[PDB]
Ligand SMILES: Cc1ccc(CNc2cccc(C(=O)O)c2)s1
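Have a look below at one chain only, the form solved without the named molecule, in structure tokens format.
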């Protein structure tokens, strides 16, 4: 049985997530701007749907036939605790709990980012402990368990260097 973690894939300047054998999601700003193929498939044959910082790829053949299709939703109810599935180039896996809030345009460092706001639940500092996000983590998925079903509801877009606030980019 393939774990959720096998779906998290290094991509461009960050990461993305296999929803099904043909559907891959990522953060718009990590996608290469010079490319003729992705994952060995010509761009000719890839449908790209971009909505702000959320991008969905639909391939015309099965790239990951080992996977079953997962539920993808447009964000989650306010107050849902998601996990952000962060992979690091050390080989570390860092699932971090995030309390999700409203859809909003928020001021994060310099910039306006639109998506579902969240607050990390790992406490005061990261302190140099594995407890917060870094810039290279963009495109990591937000997931939660609902009855028996895993749900993916967006991708990591931005975070304040001051610890607390993250933005999850969502579909549509």
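What we label the rigid core is the largest C-alpha set whose atoms superpose within 1.5 Å from one form to the other. Residues that one form lacks are left out of the comparison. Positions refer to the first chain, counted from 1.
Note that the form deposited with the named molecule bound isn't included here; everything after this is about it.
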*Please check if residue 143 has a heavy atom lying within 4.5 Å of any heavy atom of the named molecule in the deposited bound form.*
no
*asked:* If we define contact as a non-hydrogen atom of the residue within 4.5 angstroms of the partner, is residue 44 a contact of the named molecule in the deposited bound form?
replied: no
*Within a 4.5 Å heavy atom cut-off, is residue 133 in contact with the named molecule in the deposited bound form?*
yes
*asked:* Just checking whether residue 109 would be counted as a contact of the named molecule in the deposited bound form - the rule being heavy atoms within 4.5 angstroms.
replied: yes
*What are the residues of 153-170, in order along the chain, with a heavy atom within 4.5 Å of the named molecule in the deposited bound form?*
156, 157, 158, 159, 160, 161
*asked:* Out of 129, 43, 48, 134, I need the residue that shifts by 2 angstroms or more at the Cα between the shown form and the other one, core superposed.
replied: 129
*Mobile segments between the shown form and the other one - rigid core superposition, Cα shift of 2 Å or more, 3+ residues*: 89-91, 125-130
